[PDB]
Amino acid sequence: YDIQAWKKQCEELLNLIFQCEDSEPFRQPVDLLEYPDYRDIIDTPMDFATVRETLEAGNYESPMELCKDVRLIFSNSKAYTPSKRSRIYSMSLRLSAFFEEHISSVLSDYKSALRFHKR
Ligand SMILES: CCn1cc(CNC(=O)c2cccnc2)cn1
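Structure determination for this entry, per the PDB record, employed X-ray crystallography and reached 1.4300 Å resolution.

Q: Help me understand helix α4 (residues 63-80) in this model?
A: In this model α4 runs 26 Å from its N-terminal to its C-terminal C-alpha over 18 residues, within 8% of the 26 Å that 1.5 Å per residue would give. For α4, the full list of buried residues reads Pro63, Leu66, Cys67, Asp69, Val70, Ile73, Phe74, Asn76 and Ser77. The inward-facing, buried residues of α4 contact α1 (6-19), α2 (38-41), α3 (48-56) and α5 (87-117).

Q: How should I be thinking about the packing of α4 against α5 in this particular structure?
A: What describes two packed helices is the angle between their axes and the distance between those same axes. The geometry of α4 relative to α5 is characterised by a closest axis approach of 10 Å and an angle of 165° between their N-to-C directions. By the criterion of interaxial angle, the relationship of α4 to α5 is roughly antiparallel. As for the relative orientation of α4 and α5, their crossing is left-handed in sense. Of α5, the residues touching α4 (which contributes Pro63, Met64, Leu66, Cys67, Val70, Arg71, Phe74, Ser77 and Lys78) are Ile88, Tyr89, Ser92, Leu95, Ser96, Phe99, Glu100, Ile103, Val106, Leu107, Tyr110 and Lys111. When grouped by side-chain class, the residues that make up the contact of α4 with α5 number 14 nonpolar, three polar and four charged.

Cut-offs and rules
- Residues numbered from 1 in each chain as written, not as in the entry; some residues may be left out.
- Heavy atoms only, no water.
- Residues with missing side-chain atoms left out of burial classes, pairs and counts.
- Helix = DSSP H or I, 4+ residues; strand = E, 2+ residues; numbered from the N terminus.
- Expected span 1.5 Å × (residues − 1).
- Buried < 20%, exposed > 50% of the residue type's maximum accessible area, 1.4 Å probe, protein only.
- Contact = heavy atoms within 4.5 Å.
- Axes fitted to C-alpha atoms, helices over the stretch in contact; angles between N-to-C directions.
- Parallel < 35°, antiparallel > 145°, perpendicular 65-115°, else oblique.
- Left-handed = near helix turned anticlockwise from the far one by under 90°.
- Nonpolar A, V, L, I, M, F, W, Y, C, P; charged D, E, K, R; others polar.

Here it is, written out as structure tokens:
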């Protein structure tokens with residue numbers, strides 16, 4: 001029932017994601033010189049360095065907010081892919097499975113702790 005435990009759990013999960021080879025296309029903001037029309041298709045760019053910086057700045061109040069930004073990285077990859085068989089999109093699918101597998105207990109523990117706090 002530790003209401004704050006999610007933060008270090010998310011830092012550790014981000015560390016695993018950065019070591020994952022599948023995170024390579026998502027570690028920093030998409031380069032507009034590489035993908036010139038990126039902002040014509042994607043309204044809200046997102047990447048793992050921005051998520052980590054937001055977390056470290058104390059600008060996430062809950063793991064649900066972090067999870068919304070991480071899921072945005074994957075939805076942006078899906079929306080920008082010309083085919084569902086592209087290299088970058090295929091990496092986002094595997095990384096999304098890994099992330100969802102690990103974030104599930106973080107979310108459950110946090111929501112349980114908050115329900116206990118407000119009992
Ligand atoms: C990390 C950035 N990112 C790349 C993709 C896949 N998109 C392409 O390869 C592509 C190339 C040129 C025009 N349209 C699409 C998805 N997110």
